[PDB]
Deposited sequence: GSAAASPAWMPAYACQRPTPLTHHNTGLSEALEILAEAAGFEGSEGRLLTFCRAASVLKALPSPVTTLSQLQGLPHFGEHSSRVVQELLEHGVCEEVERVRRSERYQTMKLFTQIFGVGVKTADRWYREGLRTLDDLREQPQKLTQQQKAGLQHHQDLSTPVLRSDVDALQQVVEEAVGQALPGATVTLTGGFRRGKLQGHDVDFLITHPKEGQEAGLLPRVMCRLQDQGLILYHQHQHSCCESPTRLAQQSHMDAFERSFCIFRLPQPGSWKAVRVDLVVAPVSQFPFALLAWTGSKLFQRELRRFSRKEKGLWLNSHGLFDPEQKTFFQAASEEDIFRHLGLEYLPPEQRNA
């Protein structure tokens, strides 16, 4: 079992679901307390379990696995012995965890805002609605639409959206293309949002595109919220439903075709997979990876990639399709 998640396939469904979910609760709780390092270790240990070929049934099977030390091993030990880990259950029912989860789930509210509201005594969404003067417009939209945004987006919803985005993109710039990224590209059946990547085959033609796309979607009455030159937009869309509609989060990113493999890799995820790949690139290969390119800081050169396959090869890694990047 290699130490980095980008060195091993991780499928969407696996054989250690209960154990991985428990460790992810502790990772989430560590993030709420500001401990990025603890969050990473618990996330990494969970991801190791997702990569195993069969269920863990005995503690001895953790011996030698990366990211299992005294704490994560004890958690697994208790789940194997009793079906429950007391530390996890204590976190689950705690007011701090439940409120921080509730608040950070809001579009426009992160850990720091949630923590400040928690310390001020706020606990419920109606607590926030009663003091709307303390909310940004983004937070107001996230709070108004919170119920719909709490409903999973279905793969059935994604096809309909991609068609309307393609129509607007085609009027804004004929020949421009729309690619589904994020969790749906990794094979997820549900999501919290829909993520799209837009480009054009002629380098440079994509400049100025996203404002033209957003103006056209807004004119069609499909935009319930957006932030407005720019190249990323995090929006709330109106999606049709039987006799009505629902609000859906949609993310649009524009990249030049020269950078498209890097952007596709970066926005396909998973989040942990990309953090691990970027850490691997820098620490093991001395190369700096981001959504624009792969930089050699010694030669001061960028690696020209024509595909995601090219990027894995340049990092010395076996290629993983998106469905195996579910770290």
(message) Counting from residue 1 of the deposited sequence, where are the gaps with no C-alpha coordinates?
(response) 1-9, 238-255
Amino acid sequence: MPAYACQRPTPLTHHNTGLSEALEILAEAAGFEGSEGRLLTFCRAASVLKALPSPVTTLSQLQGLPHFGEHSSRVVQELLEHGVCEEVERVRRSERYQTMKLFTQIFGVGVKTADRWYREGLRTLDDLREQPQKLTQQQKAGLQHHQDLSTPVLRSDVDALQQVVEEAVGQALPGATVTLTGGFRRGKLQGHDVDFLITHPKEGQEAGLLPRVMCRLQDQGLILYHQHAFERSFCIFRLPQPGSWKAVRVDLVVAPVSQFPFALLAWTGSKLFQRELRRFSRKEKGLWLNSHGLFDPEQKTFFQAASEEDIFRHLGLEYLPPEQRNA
From here on, numbers count along this sequence of modelled residues.
(message) If you take the mean CA temperature factor per stretch, which one wins between 114-122 and 141-149?
(response) 114-122
(request) Higher average CA B factor in the deposited record is what I'm after, so tell me if that's 182-190 or 163-171. (result) 163-171
(request) Select one of 75, 254, 213, 154: the residue whose C-alpha shows the highest B-factor in the crystal structure entry. (result) 75
(message) Comparing recorded Cα B-factors across 58, 281, 291, 41, which one is largest?
(response) 58
(request) Please rank the C-alpha B-factors of the chain's modelled residues and tell me whether residue 276 sits in the lowest, middle or highest third. (result) lowest
(message) Please place residue 89 in the lowest, middle or highest third of its chain according to the CA B-factor in the PDB entry.
(response) highest
(request) Taking the chain's C-alpha temperature factors as the reference, tell me which third residue 300 falls into: lowest, middle or highest. (result) highest
(message) Lowest, middle or highest third: which one holds residue 68 when the chain's residues are ordered by CA B-factor from the entry?
(response) middle
(request) Using the B-factors in the PDB entry, rank residue 103's C-alpha atom against the chain and give the third, lowest, middle or highest. (result) middle
